[PDB]
Amino acid sequence: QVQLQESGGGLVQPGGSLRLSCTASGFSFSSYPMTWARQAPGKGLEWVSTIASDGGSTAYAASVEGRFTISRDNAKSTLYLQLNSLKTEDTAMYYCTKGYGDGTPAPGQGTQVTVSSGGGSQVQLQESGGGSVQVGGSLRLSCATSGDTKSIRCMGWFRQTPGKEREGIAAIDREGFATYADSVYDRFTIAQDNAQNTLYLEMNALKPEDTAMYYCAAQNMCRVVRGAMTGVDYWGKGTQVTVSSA
(Lines give C-alpha, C1' and ligand atoms only; values in the text may rest on other atoms or scores of the structure.)
Protein backbone atom coordinates (compact mmCIF):
# COMPACT_ATOMS: atom_id res chain seq x y z
CA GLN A 1 0.00 0.00 0.00
CA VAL A 2 1.38 3.37 -1.09
CA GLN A 3 1.65 5.67 1.92
CA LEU A 4 3.14 9.14 1.70
CA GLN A 5 3.47 11.84 4.40
CA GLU A 6 4.62 15.43 3.68
CA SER A 7 6.27 17.71 6.26
CA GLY A 8 8.45 20.83 6.56
CA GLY A 9 5.91 23.41 5.38
CA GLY A 10 5.53 26.71 7.20
CA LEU A 11 5.20 30.49 7.07
CA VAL A 12 8.11 32.59 5.72
CA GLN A 13 8.54 35.98 4.10
CA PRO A 14 9.38 36.50 0.41
CA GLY A 15 12.97 35.55 -0.30
CA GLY A 16 12.90 32.90 2.45
CA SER A 17 13.59 29.15 2.17
CA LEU A 18 11.89 25.89 3.25
CA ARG A 19 12.76 22.23 2.88
CA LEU A 20 9.85 19.82 2.41
CA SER A 21 10.14 16.13 3.22
CA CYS A 22 7.92 13.29 2.09
CA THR A 23 8.38 9.96 3.90
CA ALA A 24 7.29 6.85 1.98
CA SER A 25 6.29 3.44 3.13
CA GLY A 26 4.46 0.32 1.96
CA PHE A 27 6.13 0.07 -1.48
CA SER A 28 9.56 -0.13 -3.10
CA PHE A 29 10.14 3.65 -3.02
CA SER A 30 13.55 3.35 -4.72
CA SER A 31 11.96 1.64 -7.77
CA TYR A 32 9.76 4.58 -8.75
CA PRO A 33 9.92 8.16 -10.00
CA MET A 34 8.38 10.61 -7.51
CA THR A 35 6.65 13.97 -7.96
CA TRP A 36 5.78 17.18 -6.07
CA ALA A 37 2.66 19.16 -7.03
CA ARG A 38 0.90 22.04 -5.28
CA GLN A 39 -2.58 23.50 -4.97
CA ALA A 40 -3.11 27.20 -4.40
CA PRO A 41 -6.45 28.49 -3.04
CA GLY A 42 -9.11 28.14 -5.78
CA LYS A 43 -6.65 26.75 -8.37
CA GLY A 44 -6.02 23.27 -9.83
CA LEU A 45 -3.24 20.85 -8.76
CA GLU A 46 -0.07 22.21 -10.46
CA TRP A 47 2.86 19.91 -11.31
CA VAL A 48 6.09 21.22 -9.69
CA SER A 49 8.88 18.66 -10.09
CA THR A 50 9.66 14.99 -10.83
CA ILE A 51 12.76 12.95 -9.94
CA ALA A 52 13.85 9.56 -11.29
CA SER A 53 13.84 6.44 -9.11
CA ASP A 54 17.64 6.60 -8.68
CA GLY A 55 17.85 10.38 -8.28
CA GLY A 56 19.82 10.87 -11.54
CA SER A 57 17.15 12.72 -13.56
CA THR A 58 14.96 15.73 -12.65
CA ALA A 59 12.44 18.04 -14.21
CA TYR A 60 10.82 21.27 -13.07
CA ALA A 61 7.89 23.55 -13.92
CA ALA A 62 9.02 26.74 -15.63
CA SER A 63 7.70 28.82 -12.67
CA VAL A 64 10.10 27.17 -10.19
CA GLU A 65 13.13 26.36 -12.41
CA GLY A 66 16.31 27.71 -10.79
CA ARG A 67 14.60 28.22 -7.36
CA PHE A 68 13.46 24.71 -6.33
CA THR A 69 15.53 21.51 -6.14
CA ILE A 70 14.13 18.00 -5.90
CA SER A 71 16.15 15.24 -4.31
CA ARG A 72 15.71 11.91 -2.58
CA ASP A 73 17.34 9.57 -0.05
CA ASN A 74 16.52 6.03 -1.10
CA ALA A 75 18.22 4.55 2.00
CA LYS A 76 15.64 6.52 4.11
CA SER A 77 12.69 6.21 1.72
CA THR A 78 12.33 10.00 1.75
CA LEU A 79 11.76 12.59 -1.01
CA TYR A 80 12.77 16.25 -0.57
CA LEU A 81 11.92 19.57 -2.14
CA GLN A 82 14.26 22.47 -1.39
CA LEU A 83 12.39 25.77 -1.86
CA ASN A 84 14.84 28.66 -2.31
CA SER A 85 13.99 32.31 -3.10
CA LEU A 86 10.32 31.89 -2.17
CA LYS A 87 7.69 34.17 -3.71
CA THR A 88 4.13 35.01 -2.57
CA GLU A 89 2.75 33.00 -5.54
CA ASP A 90 4.49 29.91 -4.19
CA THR A 91 1.82 29.80 -1.43
CA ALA A 92 0.00 26.46 -1.69
CA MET A 93 -0.61 23.07 -0.16
CA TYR A 94 2.24 20.86 -1.39
CA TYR A 95 1.82 17.16 -2.16
CA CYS A 96 4.16 14.28 -2.90
CA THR A 97 2.92 11.50 -5.29
CA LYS A 98 4.34 8.33 -6.82
CA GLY A 99 5.07 8.63 -10.54
CA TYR A 100 5.25 11.56 -12.90
CA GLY A 101 2.40 13.87 -11.99
CA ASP A 102 -0.55 11.68 -12.95
CA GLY A 103 -0.94 10.43 -9.36
CA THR A 104 -3.60 11.84 -6.99
CA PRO A 105 -2.62 12.50 -3.30
CA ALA A 106 -4.52 10.35 -0.81
CA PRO A 107 -6.76 12.00 1.81
CA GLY A 108 -4.78 13.35 4.75
CA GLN A 109 -1.72 14.29 2.64
CA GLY A 110 -0.17 17.74 2.28
CA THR A 111 2.10 20.31 3.90
CA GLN A 112 1.19 24.03 3.78
CA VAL A 113 3.68 26.61 2.48
CA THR A 114 2.70 30.25 3.05
CA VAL A 115 4.84 33.08 1.76
CA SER A 116 3.73 36.44 3.11
CA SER A 117 5.14 39.86 4.01
CA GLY A 118 3.22 39.29 7.27
CA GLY A 119 5.23 36.17 8.09
CA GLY A 120 7.85 36.49 10.84
CA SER A 121 11.61 36.83 10.34
CA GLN A 122 13.12 33.64 11.76
CA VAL A 123 15.89 31.14 10.95
CA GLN A 124 15.72 27.40 11.67
CA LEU A 125 18.53 24.88 11.26
CA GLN A 126 18.12 21.12 11.09
CA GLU A 127 20.83 18.51 11.02
CA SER A 128 20.65 15.05 9.51
CA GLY A 129 22.86 12.15 8.52
CA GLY A 130 24.12 10.92 11.93
CA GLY A 131 24.63 7.20 12.38
CA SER A 132 26.69 4.39 13.92
CA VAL A 133 29.92 3.62 12.02
CA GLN A 134 33.16 1.70 12.54
CA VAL A 135 36.54 3.22 13.39
CA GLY A 136 38.15 4.43 10.16
CA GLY A 137 34.73 4.88 8.56
CA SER A 138 33.14 7.87 6.90
CA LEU A 139 29.87 9.78 7.27
CA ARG A 140 28.33 12.88 5.68
CA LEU A 141 26.24 15.27 7.84
CA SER A 142 23.85 17.84 6.30
CA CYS A 143 22.18 20.91 7.80
CA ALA A 144 19.14 22.55 6.19
CA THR A 145 18.69 26.27 6.82
CA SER A 146 15.16 27.53 6.50
CA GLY A 147 13.38 30.79 7.05
CA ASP A 148 14.89 34.21 6.48
CA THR A 149 18.37 32.92 5.66
CA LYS A 150 19.71 35.93 3.68
CA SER A 151 21.35 37.57 6.73
CA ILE A 152 23.63 34.60 7.49
CA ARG A 153 27.31 35.29 6.78
CA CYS A 154 28.99 32.29 8.41
CA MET A 155 27.96 28.74 9.30
CA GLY A 156 29.67 25.98 11.18
CA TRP A 157 29.64 22.79 13.20
CA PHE A 158 29.94 22.06 16.90
CA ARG A 159 29.90 18.82 18.79
CA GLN A 160 29.31 17.72 22.32
CA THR A 161 29.83 14.41 24.03
CA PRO A 162 28.40 13.58 27.51
CA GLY A 163 30.79 14.70 30.22
CA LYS A 164 32.68 17.22 28.01
CA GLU A 165 32.34 20.86 27.00
CA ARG A 166 30.90 21.66 23.60
CA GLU A 167 33.63 22.02 20.93
CA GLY A 168 33.48 24.21 17.79
CA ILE A 169 35.10 22.22 14.97
CA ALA A 170 34.70 23.99 11.57
CA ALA A 171 33.21 27.10 10.01
CA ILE A 172 32.76 28.62 6.55
CA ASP A 173 31.70 31.89 4.92
CA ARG A 174 29.57 32.46 1.81
CA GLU A 175 32.71 32.59 -0.38
CA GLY A 176 33.81 29.18 0.93
CA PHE A 177 36.71 30.24 3.17
CA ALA A 178 36.89 27.74 6.05
CA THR A 179 38.89 27.04 9.18
CA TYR A 180 39.04 23.89 11.32
CA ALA A 181 39.83 22.84 14.84
CA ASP A 182 43.18 21.01 14.94
CA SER A 183 41.26 17.95 16.34
CA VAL A 184 39.50 17.38 12.96
CA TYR A 185 41.83 19.02 10.43
CA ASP A 186 42.66 16.89 7.34
CA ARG A 187 39.95 14.38 8.40
CA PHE A 188 36.75 16.46 8.15
CA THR A 189 35.72 18.88 5.42
CA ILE A 190 33.05 21.55 5.71
CA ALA A 191 31.25 22.52 2.52
CA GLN A 192 28.12 24.30 1.54
CA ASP A 193 25.62 24.78 -1.20
CA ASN A 194 24.15 28.12 -0.18
CA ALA A 195 22.24 28.30 -3.44
CA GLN A 196 20.53 25.26 -1.84
CA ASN A 197 20.57 26.53 1.77
CA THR A 198 22.56 23.44 2.80
CA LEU A 199 25.70 23.00 4.91
CA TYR A 200 27.73 19.76 4.93
CA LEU A 201 30.29 18.04 7.13
CA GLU A 202 32.19 15.29 5.36
CA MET A 203 33.70 13.05 8.03
CA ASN A 204 36.53 10.64 7.18
CA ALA A 205 38.97 8.57 9.20
CA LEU A 206 36.56 8.52 12.14
CA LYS A 207 37.88 7.79 15.64
CA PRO A 208 36.02 6.75 18.80
CA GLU A 209 36.76 10.21 20.20
CA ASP A 210 34.57 11.61 17.42
CA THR A 211 31.43 10.08 19.08
CA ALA A 212 29.21 13.04 19.93
CA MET A 213 26.05 14.95 19.21
CA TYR A 214 26.84 17.19 16.24
CA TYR A 215 25.16 20.55 15.79
CA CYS A 216 25.11 23.12 13.01
CA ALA A 217 25.31 26.82 13.79
CA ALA A 218 24.93 30.09 11.94
CA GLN A 219 25.72 33.75 12.51
CA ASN A 220 25.03 37.11 10.91
CA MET A 221 28.58 38.34 11.59
CA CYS A 222 31.59 36.06 11.17
CA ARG A 223 33.53 35.47 14.37
CA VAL A 224 35.68 32.36 14.33
CA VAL A 225 38.99 31.28 15.72
CA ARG A 226 40.49 28.01 14.42
CA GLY A 227 37.11 26.51 13.43
CA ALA A 228 35.32 27.63 16.63
CA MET A 229 32.50 30.11 16.23
CA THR A 230 31.63 32.63 18.99
CA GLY A 231 28.60 34.93 18.93
CA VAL A 232 26.35 32.22 17.42
CA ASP A 233 22.92 33.49 16.43
CA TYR A 234 21.12 30.27 15.35
CA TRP A 235 21.64 26.55 15.93
CA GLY A 236 20.11 23.16 15.32
CA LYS A 237 18.80 20.35 17.48
CA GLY A 238 21.58 17.84 16.86
CA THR A 239 22.37 14.52 15.14
CA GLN A 240 24.17 11.70 16.94
CA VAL A 241 27.36 10.20 15.51
CA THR A 242 28.72 7.02 17.17
CA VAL A 243 32.08 5.54 16.21
CA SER A 244 32.83 2.12 17.62
CA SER A 245 34.34 -1.32 17.00
CA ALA A 246 32.32 -4.45 17.79
# chains A, B, ... in the order shown; residues from 1 in each chain; ligands from 1
$ residues_around --residues "segment 109-121 of chain A" --least-positions-apart "5" --cutoff "7 Å" --atoms "only C-alpha atoms" --output "VMD selection string"
chain A and resid 5 to 14 86 to 88 90 to 95 148
$ closest_atom_pairs --of "segment 56-162 of chain A" --to "segment 31-49 of chain A" --cutoff "9 Å" --atoms "only C-alpha atoms" --output "Markdown table"
| residue | atom | partner | partner_atom | distance |
| --- | --- | --- | --- | --- |
| A:58 | CA | A:49 | CA | 7.2 |
| A:59 | CA | A:49 | CA | 5.5 |
| A:60 | CA | A:49 | CA | 4.4 |
| A:61 | CA | A:48 | CA | 5.2 |
| A:62 | CA | A:48 | CA | 8.6 |
| A:63 | CA | A:48 | CA | 8.3 |
| A:64 | CA | A:48 | CA | 7.2 |
| A:68 | CA | A:49 | CA | 8.5 |
| A:69 | CA | A:49 | CA | 8.2 |
| A:70 | CA | A:49 | CA | 6.8 |
| A:72 | CA | A:34 | CA | 8.9 |
| A:79 | CA | A:34 | CA | 7.6 |
| A:80 | CA | A:36 | CA | 8.9 |
| A:81 | CA | A:36 | CA | 7.7 |
| A:89 | CA | A:40 | CA | 8.3 |
| A:90 | CA | A:40 | CA | 8.1 |
| A:91 | CA | A:40 | CA | 6.3 |
| A:92 | CA | A:40 | CA | 4.2 |
| A:93 | CA | A:39 | CA | 5.2 |
| A:94 | CA | A:38 | CA | 4.3 |
| A:95 | CA | A:37 | CA | 5.3 |
| A:96 | CA | A:36 | CA | 4.6 |
| A:97 | CA | A:35 | CA | 5.2 |
| A:98 | CA | A:34 | CA | 4.7 |
| A:99 | CA | A:33 | CA | 4.9 |
| A:100 | CA | A:35 | CA | 5.7 |
| A:101 | CA | A:35 | CA | 5.9 |
| A:103 | CA | A:35 | CA | 8.5 |
| A:110 | CA | A:38 | CA | 8.8 |
$ select_by_dssp --residues "segment 35-170 of chain A" --states "strand (DSSP E or B)" --output "count of residues only"
68
$ residues_around --residues "residue 200 of chain A" --least-positions-apart "3" --cutoff "6 Å" --atoms "only C-alpha atoms" --output "JSON, numbers by chain"
{"A": [141, 142, 190, 191, 192]}
$ residues_around --residues "residue 193 of chain A" --least-positions-apart "3" --cutoff "12 Å" --atoms "only C-alpha atoms" --output "ChimeraX atom specification"
/A:69,82,84,142-145,155,172-176,190,196-201
$ closest_atom_pairs --of "segment 129-214 of chain A" --to "segment 232-239 of chain A" --cutoff "7 Å" --atoms "only C-alpha atoms" --output "JSON lines"
{"residue": "A:130", "atom": "CA", "partner": "A:239", "partner_atom": "CA", "distance": 5.1}
{"residue": "A:213", "atom": "CA", "partner": "A:239", "partner_atom": "CA", "distance": 5.5}
{"residue": "A:214", "atom": "CA", "partner": "A:239", "partner_atom": "CA", "distance": 5.3}
$ closest_residue --among "A:207, A:153, A:67, A:226" --to "residue 138 of chain A" --atoms "only C-alpha atoms"
A:207
$ residues_around --residues "residue 227 of chain A" --least-positions-apart "3" --cutoff "10 Å" --atoms "only C-alpha atoms" --output "PyMOL selection string"
chain A and resi 156-158+167-172+178-185+223-224+230
$ write_last_selection --atoms "N, CA, C and O atoms" --output "mmCIF file, in the first residue's frame"
data_model
loop_
_atom_site.group_PDB
_atom_site.id
_atom_site.type_symbol
_atom_site.label_atom_id
_atom_site.label_comp_id
_atom_site.auth_asym_id
_atom_site.auth_seq_id
_atom_site.Cartn_x
_atom_site.Cartn_y
_atom_site.Cartn_z
ATOM 1 N N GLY A 156 28.700 26.945 10.715
ATOM 2 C CA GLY A 156 29.665 25.978 11.181
ATOM 3 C C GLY A 156 29.064 24.835 11.966
ATOM 4 O O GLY A 156 27.842 24.640 12.005
ATOM 5 N N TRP A 157 29.983 24.033 12.528
ATOM 6 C CA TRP A 157 29.642 22.788 13.197
ATOM 7 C C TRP A 157 30.307 22.772 14.564
ATOM 8 O O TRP A 157 31.426 23.281 14.702
ATOM 9 N N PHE A 158 29.525 22.291 15.536
ATOM 10 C CA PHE A 158 29.941 22.059 16.902
ATOM 11 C C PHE A 158 29.643 20.614 17.247
ATOM 12 O O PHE A 158 28.802 19.987 16.620
ATOM 13 N N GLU A 167 32.419 21.696 21.675
ATOM 14 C CA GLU A 167 33.628 22.024 20.931
ATOM 15 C C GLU A 167 33.211 22.555 19.563
ATOM 16 O O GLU A 167 32.499 21.850 18.862
ATOM 17 N N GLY A 168 33.672 23.746 19.152
ATOM 18 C CA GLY A 168 33.481 24.214 17.789
ATOM 19 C C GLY A 168 34.532 23.575 16.878
ATOM 20 O O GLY A 168 35.714 23.593 17.187
ATOM 21 N N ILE A 169 34.133 22.982 15.747
ATOM 22 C CA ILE A 169 35.097 22.217 14.969
ATOM 23 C C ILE A 169 35.346 22.761 13.567
ATOM 24 O O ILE A 169 36.380 22.444 13.000
ATOM 25 N N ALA A 170 34.419 23.467 12.903
ATOM 26 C CA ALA A 170 34.697 23.989 11.572
ATOM 27 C C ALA A 170 33.687 25.094 11.310
ATOM 28 O O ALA A 170 32.606 25.068 11.905
ATOM 29 N N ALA A 171 34.056 26.000 10.420
ATOM 30 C CA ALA A 171 33.213 27.103 10.008
ATOM 31 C C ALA A 171 33.570 27.552 8.593
ATOM 32 O O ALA A 171 34.704 27.320 8.125
ATOM 33 N N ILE A 172 32.621 28.237 7.943
ATOM 34 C CA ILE A 172 32.762 28.622 6.553
ATOM 35 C C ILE A 172 31.910 29.853 6.266
ATOM 36 O O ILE A 172 30.791 29.983 6.755
ATOM 37 N N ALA A 178 37.159 28.559 4.872
ATOM 38 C CA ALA A 178 36.889 27.745 6.049
ATOM 39 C C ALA A 178 38.112 27.641 6.937
ATOM 40 O O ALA A 178 39.249 27.726 6.460
ATOM 41 N N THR A 179 37.857 27.402 8.232
ATOM 42 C CA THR A 179 38.888 27.037 9.185
ATOM 43 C C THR A 179 38.364 25.867 10.009
ATOM 44 O O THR A 179 37.163 25.628 10.004
ATOM 45 N N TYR A 180 39.281 25.146 10.656
ATOM 46 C CA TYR A 180 39.035 23.893 11.323
ATOM 47 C C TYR A 180 39.701 23.900 12.686
ATOM 48 O O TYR A 180 40.762 24.505 12.877
ATOM 49 N N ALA A 181 39.119 23.143 13.614
ATOM 50 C CA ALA A 181 39.828 22.836 14.837
ATOM 51 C C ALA A 181 40.937 21.853 14.488
ATOM 52 O O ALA A 181 40.768 21.044 13.625
ATOM 53 N N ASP A 182 42.081 21.953 15.160
ATOM 54 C CA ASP A 182 43.182 21.014 14.944
ATOM 55 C C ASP A 182 42.757 19.542 15.121
ATOM 56 O O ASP A 182 43.287 18.673 14.417
ATOM 57 N N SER A 183 41.814 19.280 16.036
ATOM 58 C CA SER A 183 41.261 17.950 16.338
ATOM 59 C C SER A 183 40.668 17.215 15.122
ATOM 60 O O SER A 183 40.606 15.986 15.133
ATOM 61 N N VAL A 184 40.154 17.955 14.135
ATOM 62 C CA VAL A 184 39.499 17.375 12.960
ATOM 63 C C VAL A 184 40.193 17.747 11.658
ATOM 64 O O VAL A 184 39.823 17.256 10.593
ATOM 65 N N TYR A 185 41.213 18.621 11.683
ATOM 66 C CA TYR A 185 41.826 19.019 10.431
ATOM 67 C C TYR A 185 42.387 17.823 9.644
ATOM 68 O O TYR A 185 42.987 16.922 10.227
ATOM 69 N N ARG A 223 32.564 35.398 13.296
ATOM 70 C CA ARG A 223 33.526 35.474 14.370
ATOM 71 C C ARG A 223 33.966 34.055 14.699
ATOM 72 O O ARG A 223 33.194 33.294 15.311
ATOM 73 N N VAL A 224 35.187 33.725 14.284
ATOM 74 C CA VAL A 224 35.677 32.362 14.335
ATOM 75 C C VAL A 224 37.153 32.396 14.622
ATOM 76 O O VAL A 224 37.898 33.139 13.966
ATOM 77 N N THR A 230 32.236 31.995 17.815
ATOM 78 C CA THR A 230 31.630 32.632 18.985
ATOM 79 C C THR A 230 30.618 33.664 18.490
ATOM 80 O O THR A 230 30.609 34.004 17.321
#
$ atom_distance --atom1 "atom CA of residue 19 of chain A" --atom2 "atom CA of residue 132 of chain A"
25.2 Å
$ closest_residue --among "A:18, A:243, A:2, A:135" --to "residue 149 of chain A" --atoms "only C-alpha atoms"
A:18
$ atom_distance --atom1 "atom CA of residue 221 of chain A" --atom2 "atom CA of residue 83 of chain A"
24.5 Å
$ atom_distance --atom1 "atom CA of residue 218 of chain A" --atom2 "atom CA of residue 152 of chain A"
6.5 Å
$ residues_around --residues "residue 206 of chain A" --least-positions-apart "6" --cutoff "9 Å" --atoms "only C-alpha atoms" --output "ChimeraX atom specification"
/A:133-139,187-188,243
$ write_last_selection --atoms "N, CA, C and O atoms" --output "PDB file, in the first residue's frame"
ATOM      1  N   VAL A 133      28.935   4.081  12.982  1.00  0.00           N
ATOM      2  CA  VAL A 133      29.920   3.622  12.021  1.00  0.00           C
ATOM      3  C   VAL A 133      31.100   3.019  12.766  1.00  0.00           C
ATOM      4  O   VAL A 133      31.237   3.204  13.958  1.00  0.00           O
ATOM      5  N   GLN A 134      31.961   2.343  12.014  1.00  0.00           N
ATOM      6  CA  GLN A 134      33.157   1.704  12.539  1.00  0.00           C
ATOM      7  C   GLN A 134      34.325   2.691  12.547  1.00  0.00           C
ATOM      8  O   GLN A 134      34.456   3.521  11.653  1.00  0.00           O
ATOM      9  N   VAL A 135      35.278   2.494  13.459  1.00  0.00           N
ATOM     10  CA  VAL A 135      36.543   3.215  13.386  1.00  0.00           C
ATOM     11  C   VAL A 135      37.115   3.138  11.981  1.00  0.00           C
ATOM     12  O   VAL A 135      37.097   2.094  11.331  1.00  0.00           O
ATOM     13  N   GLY A 136      37.580   4.281  11.478  1.00  0.00           N
ATOM     14  CA  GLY A 136      38.155   4.430  10.162  1.00  0.00           C
ATOM     15  C   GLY A 136      37.114   4.729   9.087  1.00  0.00           C
ATOM     16  O   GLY A 136      37.478   4.964   7.943  1.00  0.00           O
ATOM     17  N   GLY A 137      35.833   4.664   9.471  1.00  0.00           N
ATOM     18  CA  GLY A 137      34.730   4.876   8.562  1.00  0.00           C
ATOM     19  C   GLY A 137      34.507   6.354   8.256  1.00  0.00           C
ATOM     20  O   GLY A 137      35.255   7.241   8.684  1.00  0.00           O
ATOM     21  N   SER A 138      33.476   6.575   7.452  1.00  0.00           N
ATOM     22  CA  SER A 138      33.139   7.870   6.898  1.00  0.00           C
ATOM     23  C   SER A 138      31.640   8.101   7.073  1.00  0.00           C
ATOM     24  O   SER A 138      30.854   7.143   7.104  1.00  0.00           O
ATOM     25  N   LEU A 139      31.254   9.379   7.169  1.00  0.00           N
ATOM     26  CA  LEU A 139      29.868   9.776   7.270  1.00  0.00           C
ATOM     27  C   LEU A 139      29.730  11.182   6.705  1.00  0.00           C
ATOM     28  O   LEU A 139      30.696  11.926   6.722  1.00  0.00           O
ATOM     29  N   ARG A 187      40.830  15.539   8.298  1.00  0.00           N
ATOM     30  CA  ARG A 187      39.952  14.380   8.395  1.00  0.00           C
ATOM     31  C   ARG A 187      38.543  14.796   7.976  1.00  0.00           C
ATOM     32  O   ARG A 187      37.875  14.058   7.251  1.00  0.00           O
ATOM     33  N   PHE A 188      38.096  15.976   8.432  1.00  0.00           N
ATOM     34  CA  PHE A 188      36.749  16.461   8.150  1.00  0.00           C
ATOM     35  C   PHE A 188      36.852  17.609   7.178  1.00  0.00           C
ATOM     36  O   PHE A 188      37.860  18.315   7.177  1.00  0.00           O
ATOM     37  N   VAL A 243      30.985   6.175  16.900  1.00  0.00           N
ATOM     38  CA  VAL A 243      32.076   5.542  16.212  1.00  0.00           C
ATOM     39  C   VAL A 243      32.587   4.486  17.185  1.00  0.00           C
ATOM     40  O   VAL A 243      33.048   4.820  18.262  1.00  0.00           O
TER      41      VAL A 243
END
